[PDB]
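Peer 1: Can you look at this? It's an experimental structure, sequence on top.
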Amino acid sequence: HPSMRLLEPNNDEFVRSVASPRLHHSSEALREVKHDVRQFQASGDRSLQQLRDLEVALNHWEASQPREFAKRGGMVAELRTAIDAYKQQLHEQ
Ligand code: NA
């Protein structure tokens, strides 16, 4: 599944997609999402507990920062699809 490239450890497409070139500050909710993407990557995609945290952190961002989410969240569906694929792979062992 090509969504999986988004949490391949070297991949920066998701964090680029939530950057503001006009240099608007990221919410704490968005900074926790970006940090959780990098933490999952750091192990080479081995932690289901970290992957869960990323999924919860995306829900918190969507709930708490609607305007930032709607504006910066264009790659969220694809990242959530990648999360599910790595969940399947870790469930399979
Ligand atoms: Na989800």
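Peer 2: Nice, I can see it. Numbers count the residues shown, from 1 in each chain.

Peer 1: List the contacts of residue 46.
Peer 2: By Cβ atoms under 8 Å, 6 or more residues apart in numbering, the contact set of residue 46 is residue 90. Heads up, the C-betas are built off the backbone N, CA and C, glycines and all.

Peer 1: for it, helix, strand, or coil?
Peer 2: When classified by DSSP: H, G, I helix; E, B strand; the rest coil, residue 46 comes out as coil.

Peer 1: For residue 55, see how far away it is.
Peer 2: Using Cβ to Cβ, to the nearest Å, one gets 16 Å for the distance from residue 46 to residue 55.

Peer 1: do the same with residue 77
Peer 2: For residue 77, the distance to residue 55 equals 13 Å [Cβ to Cβ].

Peer 1: what's the answer for residue 22, then?
Peer 2: In terms of Cβ to Cβ, residue 22 sits 29 Å off from residue 55.

Peer 1: When these two are compared, which one has more neighbours?
Peer 2: Ranked by neighbour count (other Cβ atoms under 10 Å), residue 22 and residue 55 place residue 55 first, with 14 against 5.

Peer 1: which residue sits closest to that one, ignoring its sequence neighbours?
Peer 2: residue 83 (5.4 Å; Cβ to Cβ, 6 or more residues apart in numbering).

Peer 1: give me the element the most centrally placed residue in the chain is part of.
Peer 2: For the chain, the residue nearest the mean C-alpha position is residue 37 (4.7 Å; Cα atoms, centre = their mean). Per DSSP states H and E, residue 37 falls inside helix 28-42.

Peer 1: Right, I'll leave it there.
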